[PDB]
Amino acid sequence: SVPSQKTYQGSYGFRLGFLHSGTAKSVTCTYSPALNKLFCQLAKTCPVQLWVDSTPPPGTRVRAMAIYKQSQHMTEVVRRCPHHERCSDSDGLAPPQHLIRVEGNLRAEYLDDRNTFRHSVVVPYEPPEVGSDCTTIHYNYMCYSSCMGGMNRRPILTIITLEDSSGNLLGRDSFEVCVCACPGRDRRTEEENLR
């Protein structure tokens, strides 16, 4: 099958947020609202904010999953390429085949769906702390969009779902991702081609 990618704020008014990092040649992660696309370097921190109008129940979780954006590739499981799945750079929790990892959260769980074979990483939803208005999850993408035998230049979408303790849908948002050597220049080039 194919995971839904329909934006759904749900009962708790769930939606994502991104920092404003700019497009300098040196930037490691930058988000383009015009393209709803995140550009980031390989295995660098990608801060993703979680915004809600009201706090969801204890036990609520947040899942991240990648799918190919192009319909002709949608049924293919997004995974790391033959080279990166074998480079032994595991952090001791993420399976080596998984494209998306969560940084600094010992409660992250990695799932290999026994039915769809798709990969995902899920963490408990934590309400914002004192002085903060949102919660931030730090993601890492472990393969370049251009990796041969892997994404092979095919664009991907990351789908973030807010789920209850049973895995039922409470909210959903998504964004395109391009893991590349120079996020600042590529974002500028793509926004130009759009203009």
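One rule holds for the numbers: they count along the sequence shown, beginning at 1.
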Taking the recorded C-alpha temperature factors, which stretch has the higher mean, 75-83 or 108-116? 108-116
Higher average CA B factor in the deposited record is what I'm after, so tell me if that's 94-102 or 121-129. 121-129
Can you pull the Cα B-factors for 150, 56, 47, 33 from the entry and say which is highest? 150
Third of the chain's Cα B-factor distribution that residue 23 belongs to, per the entry: highest
Ranked against its chain, the third holding the CA B-factor of residue 187: middle
Comparing residue 135 with the other modelled residues of its chain, is its CA B-factor in the lowest, middle or highest third? middle
Can you work out whether the C-alpha temperature factor of residue 146 puts it in the lowest, middle or highest third of the chain? middle
Tell me, lowest, middle or highest third: where does the Cα B factor of residue 158 rank within its chain? lowest
